[PDB]
Amino acid sequence: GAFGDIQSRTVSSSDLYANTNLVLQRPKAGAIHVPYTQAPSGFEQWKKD
Amino acid sequence: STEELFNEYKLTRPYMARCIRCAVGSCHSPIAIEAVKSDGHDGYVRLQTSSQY
């Protein structure tokens with residue numbers, strides 16, 4: 001949730017650092033989907049502030 | 001003209017996915033939107049749907 005949550009050494013670098021606090025959740029009974037939890041894009045927050 | 005217009009479409013085929021609400025409840029419809037980007041400054045939207053056209 002902070003500026004620089006997703007970092008990449010260079011533009012073309014395939015390896016990257018990610019800290020989004022991704023947490024998987026329990027899916028709904030009878031529904032096929034991938035539930036998840038993540039922090040809002042810190043890039044957008046910084047762009048706003 | 002060119003593979004960009006020939007398109008991998010011939011290989012792909014549209015598919016279906018779950019929507020939260022299809023009117024009266026959820027359903028497995030091809031209209032389902034996978035992701036939406038809103039980075040353009042002019043107000044245009046780029047939606048990615050589960051179907052192809």
# chains A, B, ... in the order shown; residues from 1 in each chain; ligands from 1
>>> residues_around(residues="residue 38 (chain A)", least_positions_apart="4", cutoff="7 Å", atoms="only C-alpha atoms", output="list in words")
residues 20, 21, 22 and 23 of chain A
>>> select_by_dssp(residues="chain A", states="helix (DSSP H, G or I)", output="PyMOL selection string")
chain A and resi 42-48
>>> residues_around(residues="region 32-48 of chain B", least_positions_apart="4", cutoff="7 Å", atoms="only C-alpha atoms", output="list in words")
residues 17, 18 and 19 of chain B
>>> atom_distance(atom1="CA of residue 31 (chain B)", atom2="CA of residue 33 (chain A)")
15.7 Å
>>> residues_around(residues="residue 17 (chain A)", least_positions_apart="3", cutoff="7 Å", atoms="only C-alpha atoms", output="number ranges by chain")
A: 6-8
>>> residues_around(residues="residue 49 (chain A)", least_positions_apart="6", cutoff="12 Å", atoms="only C-alpha atoms", output="number ranges by chain")
A: 2-3, 42-43
>>> write_last_selection(atoms="N, CA, C and O atoms", output="short mmCIF file (atom, residue, chain, number, x, y, z; two decimals), in the first residue's frame")
data_model
loop_
_atom_site.label_atom_id
_atom_site.label_comp_id
_atom_site.auth_asym_id
_atom_site.auth_seq_id
_atom_site.Cartn_x
_atom_site.Cartn_y
_atom_site.Cartn_z
N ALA A 2 2.12 1.19 -0.21
CA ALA A 2 3.01 2.34 -0.23
C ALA A 2 3.72 2.41 -1.58
O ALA A 2 3.86 1.41 -2.28
N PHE A 3 4.14 3.62 -1.93
CA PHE A 3 4.90 3.84 -3.16
C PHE A 3 6.10 2.91 -3.23
O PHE A 3 6.95 2.91 -2.34
N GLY A 42 -0.16 0.86 -4.48
CA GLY A 42 0.52 2.01 -3.91
C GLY A 42 0.88 3.05 -4.94
O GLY A 42 1.00 4.24 -4.61
N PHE A 43 1.08 2.63 -6.19
CA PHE A 43 1.32 3.58 -7.27
C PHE A 43 0.16 4.57 -7.39
O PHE A 43 0.38 5.78 -7.48
#
>>> atom_distance(atom1="CA of residue 46 (chain A)", atom2="CA of residue 9 (chain A)")
19.5 Å
>>> interface_residues(of="chain A", to="chain B", cutoff="12 Å", atoms="only C-alpha atoms", output="PyMOL selection string")
chain A and resi 28+30-34+43-44+47
>>> write_last_selection(atoms="N, CA and C atoms", output="mmCIF file, in the first residue's frame")
data_model
loop_
_atom_site.group_PDB
_atom_site.id
_atom_site.type_symbol
_atom_site.label_atom_id
_atom_site.label_comp_id
_atom_site.auth_asym_id
_atom_site.auth_seq_id
_atom_site.Cartn_x
_atom_site.Cartn_y
_atom_site.Cartn_z
ATOM 1 N N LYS A 28 -16.438 -19.529 -2.159
ATOM 2 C CA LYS A 28 -17.850 -19.770 -1.892
ATOM 3 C C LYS A 28 -18.238 -21.196 -2.260
ATOM 4 N N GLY A 30 -20.134 -23.993 -3.905
ATOM 5 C CA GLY A 30 -20.889 -24.061 -5.133
ATOM 6 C C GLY A 30 -20.477 -23.066 -6.195
ATOM 7 N N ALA A 31 -19.425 -22.287 -5.961
ATOM 8 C CA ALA A 31 -18.959 -21.285 -6.910
ATOM 9 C C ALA A 31 -17.480 -21.507 -7.182
ATOM 10 N N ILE A 32 -17.107 -21.518 -8.459
ATOM 11 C CA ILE A 32 -15.713 -21.647 -8.866
ATOM 12 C C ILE A 32 -15.151 -20.257 -9.109
ATOM 13 N N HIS A 33 -14.170 -19.880 -8.297
ATOM 14 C CA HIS A 33 -13.522 -18.578 -8.362
ATOM 15 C C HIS A 33 -12.303 -18.629 -7.457
ATOM 16 N N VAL A 34 -11.402 -17.675 -7.656
ATOM 17 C CA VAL A 34 -10.195 -17.599 -6.840
ATOM 18 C C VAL A 34 -10.286 -16.361 -5.958
ATOM 19 N N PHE A 43 1.077 2.629 -6.190
ATOM 20 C CA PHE A 43 1.316 3.582 -7.269
ATOM 21 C C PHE A 43 0.161 4.569 -7.392
ATOM 22 N N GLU A 44 -1.074 4.063 -7.410
ATOM 23 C CA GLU A 44 -2.238 4.941 -7.500
ATOM 24 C C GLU A 44 -2.335 5.870 -6.295
ATOM 25 N N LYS A 47 0.214 8.538 -6.680
ATOM 26 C CA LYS A 47 -0.245 9.444 -7.729
ATOM 27 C C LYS A 47 -1.315 10.397 -7.217
#
>>> residues_around(residues="residue 51 (chain B)", least_positions_apart="5", cutoff="6 Å", atoms="only C-alpha atoms", output="PyMOL selection string")
chain B and resi 14-15+30
>>> write_last_selection(atoms="N, CA, C and O atoms", output="PDB file, in the first residue's frame")
ATOM      1  N   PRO B  14     -13.789 -17.900 -27.769  1.00  0.00           N
ATOM      2  CA  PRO B  14     -14.281 -17.296 -26.525  1.00  0.00           C
ATOM      3  C   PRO B  14     -14.706 -18.348 -25.507  1.00  0.00           C
ATOM      4  O   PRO B  14     -14.969 -19.507 -25.834  1.00  0.00           O
ATOM      5  N   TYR B  15     -14.766 -17.918 -24.246  1.00  0.00           N
ATOM      6  CA  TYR B  15     -15.108 -18.794 -23.133  1.00  0.00           C
ATOM      7  C   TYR B  15     -16.034 -18.069 -22.163  1.00  0.00           C
ATOM      8  O   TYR B  15     -16.285 -16.867 -22.285  1.00  0.00           O
ATOM      9  N   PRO B  30     -20.588 -15.708 -20.778  1.00  0.00           N
ATOM     10  CA  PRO B  30     -19.379 -15.258 -21.487  1.00  0.00           C
ATOM     11  C   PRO B  30     -19.128 -13.764 -21.383  1.00  0.00           C
ATOM     12  O   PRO B  30     -18.012 -13.320 -21.684  1.00  0.00           O
TER      13      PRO B  30
END
>>> atom_distance(atom1="CA of residue 29 (chain A)", atom2="CA of residue 49 (chain B)")
24.4 Å
>>> select_by_dssp(residues="chain B", states="strand (DSSP E)", output="number ranges by chain")
B: 17-19, 27-29, 33-37, 46-49
